[PDB]
Amino acid sequence: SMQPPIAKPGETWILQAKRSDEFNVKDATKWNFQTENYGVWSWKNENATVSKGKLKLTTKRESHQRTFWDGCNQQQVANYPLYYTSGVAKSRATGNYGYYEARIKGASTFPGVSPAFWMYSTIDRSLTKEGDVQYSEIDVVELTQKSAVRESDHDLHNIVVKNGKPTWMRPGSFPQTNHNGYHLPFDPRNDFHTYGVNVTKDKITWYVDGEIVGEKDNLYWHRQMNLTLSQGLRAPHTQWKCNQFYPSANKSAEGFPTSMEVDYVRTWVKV
Ligand SMILES: [Cl-]
Ligand SMILES: [Cl-]
Ligand SMILES: [Cl-]
Ligand SMILES: [Cl-]
Ligand SMILES: [Cl-]
Ligand SMILES: [Cl-]
Ligand SMILES: [Cl-]
């Protein structure tokens, strides 16, 4: 009977079991704890742990190598050295419309990592018609990835066909449609806070501790997306160019390991 906080009097919402978890146990049937790699780190199942009611996604200083896509040079690079590994929990089930919420505590270290609660689809390059959306990504929240620790991002990413060309749209390039910046009234690294988003075919509304911190028209986010909790690497350990991250020369172990904690994630679909 558990209902979402945005439920209005007289409404009924249904919890989506496959995209909801109170994290009493590490459920590998529901979550993929070692998804495809990207960025300048690698996911490791061991970096995702569940203890005392919370999911802990840890970023560790851990040298390793893996094939790396060097977008700037449009080439795959074998045995590419990386310096950090991290944790992820990606729902195997997909969806779009509904209310999503996660109770999260950010990592203590800053700057360097970004706790994230988001959802993304697969990229379908077969959709080439004008206006076709090949990729949809809704970021409920991306913490501590800006200059000040209290600045949070509630963004959108997508690929849409414009003038017959698949076009990438990111918060930085198309802020009016893809970016919601917010100055948190608290340090996200202190205690748990609730981050949510209500997705409908027409609107996307973001929430932080019950307050609306963002709203956009749902222009390109109707694709099936996997609900994800993950912690990414950021400056001073990264550089950003050619639409992707690259490692920086700062591979300090100080401040690591560091982890974000998720008390729970709840997803509902309105009746
Ligand atoms: Cl704990
Ligand atoms: Cl971006
Ligand atoms: Cl971004
Ligand atoms: Cl705790
Ligand atoms: Cl409205
Ligand atoms: Cl409005
Ligand atoms: Cl931490």
Side-chain angles (χ1 to χ4, degrees), residues 19 32 34-43 66-78 80 82 86 88 90-98 100 114 116-142 145-146 153-164 166-181 197-206 214-235 238-247:
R19 285 180 290 158
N32 182 331
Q34 189 169 295
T35 68
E36 76 289 343
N37 291 311
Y38 48 83
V40 295
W41 56 86
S42 296
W43 305 119
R66 67 161 169 76
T67 287
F68 176 78
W69 172 245
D70 176 5
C72 289
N73 289 301
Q74 293 294 293
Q75 63 181 9
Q76 284 297 335
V77 181
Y80 191 92
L82 293 181
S86 198
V88 59
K90 179 188 179 181
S91 73
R92 295 182 191 289
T94 66
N96 41 31
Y97 317 128
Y100 305 75
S114 177
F117 175 37
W118 55 305
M119 60 190 91
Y120 67 116
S121 70
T122 45
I123 299 177
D124 187 346
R125 303 181 190 289
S126 73
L127 294 171
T128 60
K129 293 185 69 71
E130 190 65 17
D132 269 0
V133 174
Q134 310 189 331
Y135 175 71
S136 298
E137 178 188 330
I138 296 181
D139 306 294
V140 184
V141 66
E142 275 173 288
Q145 67 168 359
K146 289 291 188 288
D153 297 305
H154 310 273
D155 302 331
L156 299 173
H157 294 72
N158 63 285
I159 293 176
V160 62
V161 177
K162 291 183 177 181
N163 297 312
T167 301
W168 264 99
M169 286 179 66
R170 305 179 180 72
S173 53
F174 299 77
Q176 182 162 270
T177 48
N178 298 48
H179 178 55
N180 291 291
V197 70
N198 187 37
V199 186
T200 75
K201 55 171 46 60
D202 304 309
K203 307 281 180 176
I204 304 174
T205 305
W206 289 256
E215 182 186 29
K216 300 293 186 190
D217 285 294
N218 188 345
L219 305 173
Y220 317 117
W221 301 278
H222 304 93
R223 287 176 60 73
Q224 288 294 311
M225 304 169 276
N226 299 77
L227 194 57
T228 313
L229 289 159
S230 62
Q231 183 160 279
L233 199 66
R234 297 292 189 272
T238 62
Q239 299 298 352
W240 169 273
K241 53 177 184 176
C242 316
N243 298 308
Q244 72 171 75
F245 284 116
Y246 279 81

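Along the sequence shown, residues are numbered consecutively beginning with 1.
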Straight-line distance of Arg125 CZ to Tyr135 OH, nearest 0.5 Å: 11.0 Å
State, yes or no, whether a side-chain contact exists between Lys201 and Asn218 at a heavy-atom distance under 4.5 Å. no
Among all residues two or more places apart in sequence or in another chain, which pass the side-chain contact (heavy atoms from CB on, under 4.5 Å) test with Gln176? none
Tell me the closest heavy-atom pair linking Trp41 and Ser86, and the distance in Å. CD1-CB, 4.1 Å
With rounding to the nearest 0.5 angstrom, report the CD to CG distance, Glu130 to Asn163. 5.5 Å
Quick one: list whatever passes salt bridge (charged side-chain N to carboxylate O under 4.0 Å, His left out) with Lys216, sequence neighbours left out. none
For the backbone of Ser91 and the side chain of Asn226, can you confirm whether one donor and one acceptor N or O come within less than 3.5 Å of each other? yes
Side-chain contact test, heavy atoms from C-beta onward, threshold under 4.5 Å: evaluate it for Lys203 versus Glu215 and give yes or no. yes
Rounded to the nearest 0.5 Å, the CE atom of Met169 sits from the CG atom of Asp155 at a distance of 12.0 Å
What is the minimum heavy-atom distance between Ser230 and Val88, and which atoms define it? CB-CG2, 3.8 Å
Smallest separation among heavy atoms of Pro247 and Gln239, with atom names: O-CG, 4.1 Å
In Å and rounded to the nearest 0.5 Å, what is the CG to CH2 distance from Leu156 to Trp221? 4.5 Å
When the aromatic ring centroids of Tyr246 and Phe68 are compared, is their separation below 6.0 Å? yes
Set out, in order, the CA-CA distance, both residues' side-chain angles and the distance that settles side chain to side chain contact (heavy atoms under 4.5 Å, CB included) for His222 and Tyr97, then state yes or no. CA-CA 8 Å; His222 304 93; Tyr97 317 128; 2.9 Å; yes
So, using side-chain hydrogen bond (donor to acceptor under 3.5 Å, both in side chains) as the criterion, who are the partners of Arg66 when residues are at least two apart? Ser42
Heavy atoms only: give me the nearest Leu82-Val40 pair and the separation to one decimal. CD2-O, 3.7 Å
When rounded to the nearest 0.5 angstrom, what distance separates CD1 in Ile159 from CG in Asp132? 12.0 Å
What is the minimum heavy-atom distance between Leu127 and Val133, and which atoms define it? CD1-O, 3.4 Å
With no hydrogens and no angle check, is any side-chain donor or acceptor of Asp139 less than 3.5 Å from a backbone partner on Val141? no
For the aromatic rings, using the six-membered ring if either is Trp, is the centroid distance between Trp206 and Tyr100 under 6.0 Å? no
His154 and side chain to side chain contact (heavy atoms under 4.5 Å, CB included): which single residue from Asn180, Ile204, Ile138, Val140 fits? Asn180
Output yes when a side-chain donor or acceptor of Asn96 lies under 3.5 Å from a complementary backbone atom of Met225, and no otherwise. no
Side-chain donor or acceptor of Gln244 paired with backbone N/O of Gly71 under 3.5 Å: yes
Please round to the nearest 0.5 Å and tell me the distance separating atom CG of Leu219 and atom CG of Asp202. 10.0 Å
Any chance you could lay out the side chain to side chain contact (heavy atoms under 4.5 Å, CB included) test for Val161 and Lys129, step after step, and finish with the verdict? CA-CA 7 Å; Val161 177; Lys129 293 185 69 71; over 6 Å; no
Between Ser121 and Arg223, a side-chain donor and acceptor under 3.5 Å: yes
Ring centres of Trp69 and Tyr38 under 6.0 Å apart? no
Could I get the full list of ring-ring contact (aromatic ring centres under 6.0 Å, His included) partners for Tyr120, not counting sequence neighbours? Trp118
Please name all residues satisfying side-chain contact (heavy atoms from CB on, under 4.5 Å) with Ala93, sequence neighbours left out, ordered by chain then number. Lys18, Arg19
Residues which pass side-chain hydrogen bond (donor to acceptor under 3.5 Å, both in side chains) with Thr94, listed by chain and number, not counting sequence neighbours: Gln224
